């Protein structure tokens, strides 16, 4: 219920579609934070209320990036859609800026469902969600307990609690994890002494010697391709102590309780992160499907129309919503 200043400039990383009606909206979550979002609806609508889809992700990205592209595209496919900025980020409220939590972020998804549900153009009983990158994990986490969500799709997902706790491909040992936690403790004291939290070094800046998937992230987040000034991943960062919650509170515990509702996990064949979906798929219960996109990288499923299976995503929700 906080009043937020939302820009009217079309600053999306993709052009506005003439086949959709767009406007910005706001809504609060259960923890008292007001979020900002872009709502897209099909034009020349018939008499029946429409199915709806809430889209979030990547983790550290804003609605003007990938989630927005997905939302507009699916709106062209006949769905009412919404791309939102997670708590403390983008145009959403919350302070300190750029802090995250698996709990609060999981809540953000259901706060978005709360809003899209009350729209006069939507049928609250026909709601689905799409979780991209880091929010793929949050989407599955949200659907497990939010029984209103009828189906869920994840795209090139990450389980952010797993990556922050074990690093990529479980590269963090207990000793290294303990060392990191000890350091975080020292950081809490420094932040407490100044009263304000410090931020991690700028995100996605190449120094040389970085693995290809990191170069890919830079090419998306730090070039005209997908750069947006408000995104954490676009040259900014989370607070140094953000990892404390993620490293201590895993998500997906109740992933099997999404069933009987369907899950479609989508992932590029060559993605460094493909294993996250393989883990989630194994942990999940039927109905479930792991769809591998031949030869696709991680960032390919961010904005590549010839790599993102929108036909399949639309077909999936058409049946289940």
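Positions refer to the first chain, counted from 1.
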Is the mean CA B factor in the deposited entry higher across 212 to 220 or across 116 to 124? 116 to 124
Going by the mean C-alpha B-factor recorded in the entry, which is higher: 147 to 155 or 68 to 76? 68 to 76
Just the C-alpha B-factor column, please: which of 35, 291, 258, 271 has the biggest number? 271
Based on the PDB record, which member of 92, 98, 171, 186 exhibits the highest Cα temperature factor? 171
Is residue 51 in the lowest, middle or highest third of its chain when residues are ranked by C-alpha B-factor? middle
By the record's CA B-factor, is residue 235 among the lowest, middle or highest third of residues in the chain? middle
Report the third (lowest, middle or highest) to which the CA temperature factor of residue 301 belongs, ranking only the modelled residues of the same chain. lowest
In terms of the CA temperature factor given in the entry, to which third of its chain does residue 206 belong: lowest, middle or highest? highest
Would you check the entry's CA temperature factor for residue 29 and let me know if it's in the chain's lowest, middle or highest third? lowest
